[PDB]
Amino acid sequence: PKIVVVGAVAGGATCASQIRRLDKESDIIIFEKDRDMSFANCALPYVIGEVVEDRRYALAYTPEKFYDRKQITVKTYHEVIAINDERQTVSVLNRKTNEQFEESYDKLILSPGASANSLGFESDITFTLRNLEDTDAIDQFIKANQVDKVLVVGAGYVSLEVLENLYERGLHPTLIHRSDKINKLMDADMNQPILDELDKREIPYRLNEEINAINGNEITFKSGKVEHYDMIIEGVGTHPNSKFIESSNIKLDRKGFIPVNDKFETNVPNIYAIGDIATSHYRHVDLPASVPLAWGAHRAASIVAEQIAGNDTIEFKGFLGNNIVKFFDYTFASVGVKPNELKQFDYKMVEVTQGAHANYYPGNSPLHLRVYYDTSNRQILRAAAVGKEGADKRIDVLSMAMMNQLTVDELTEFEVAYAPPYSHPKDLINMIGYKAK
């Protein structure tokens, strides 16, 4: 079938590539509104920090190389501006020539993702971070203006990674956030290490703070403070790239996302949606879920490739919401329903803080593991871990437990790999099970 894909990055280029692995005959075309396809979204903060300096790690292909390798046509600077689903075409604006045209399709795959929100100030020193064009602009601005002081707005994982990277590059960032609710995917009382790491390095921060006015490099704040900054990076959330979908028959929810079934199909025949734009449900509980992360973009890309050109019996089984972020020496990871979703259940919480490995063994650091479970059936609802070591290991094990409908009590049965450098004979995970009841 003739396949058209909208968006040429985590979900889109991946999906197109997976289809080509299975189907060598179909024509596949991807439209991407911006300059680059296949940029490494998750590498961007590290490119800014000069941790990742080889351009080949910043993006995988150019349209020419993608065509040579996979016979997939990718048109960059081409923005889809409407989906004419009844005639099975999309309307595309060639941004280089400013002319539009219709492209027909047998199957349409939507992976437009999200755009960064902006505070809306008229400021030449302010930047958001979403793609490689943004990354290049930020790097160039730092060099052209000999940037030293940078204001980082927002406290989600993107902003935190950007702050760490600016610091490692040798700049002097200050972090502000409109409330005290930083790194929201993690339990609010488990984020203190973020503030401790800032303090330890004397990196200034102010919570319940916002930009009030900008006059050149003079920034006036809500708190009444006035400071001079060379650059501002705003990480104040994202919004779905779905305005171009509104006039079509595709069903969107009130927040602008696309609900899909387990085959990643929209309500319209032959049109699929994957990636950040799509909403589905949790795997372990009967609740809606939206998890705008890379694992989901890649998993959905594979499922849609099977639906179109492979085993169409392969279907999604829902999200668990596994997520993680590094901030200086600490790791913050969680899986399951969000803190705000726990109230939909009668639940109990159990937790343990213990060394990541043998207490007598060097380089140890306390790991805090917390697990929430449903009192009606003892099923695990959510888990969170924070520590300098071993949090990723504990959360991935709990993600596998939740996939298998394990009860909190059965965690005493988990057989950990034990030697002094790695865990304890009764691992933190086993202790959660023993402490449950």
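Throughout, we count residues from 1 along the sequence that is shown.
Taking only CA atoms, the mean B-factor in the PDB entry is higher for 118-126 than for the other of 165-173 and 118-126. Higher average CA B factor: 342-350, of the stretches 342-350 and 80-88.
Per the PDB entry, 309 shows the highest C-alpha temperature factor of the residues 245, 309, 132, 335.
The residue among 397, 403, 384, 42 whose C-alpha atom has the highest B-factor in the PDB entry is 403.
Sort the modelled residues of the chain by CA B factor and residue 193 lands in the middle third. Annotation for residue 3: CA B-factor lies in the middle third of the chain's modelled residues. Residue 298: CA B factor lies in the lowest third for its chain, per the PDB record. Sort the modelled residues of the chain by CA B factor and residue 265 lands in the lowest third. Among all modelled residues in its chain, residue 67 ranks in the highest third by Cα B-factor.
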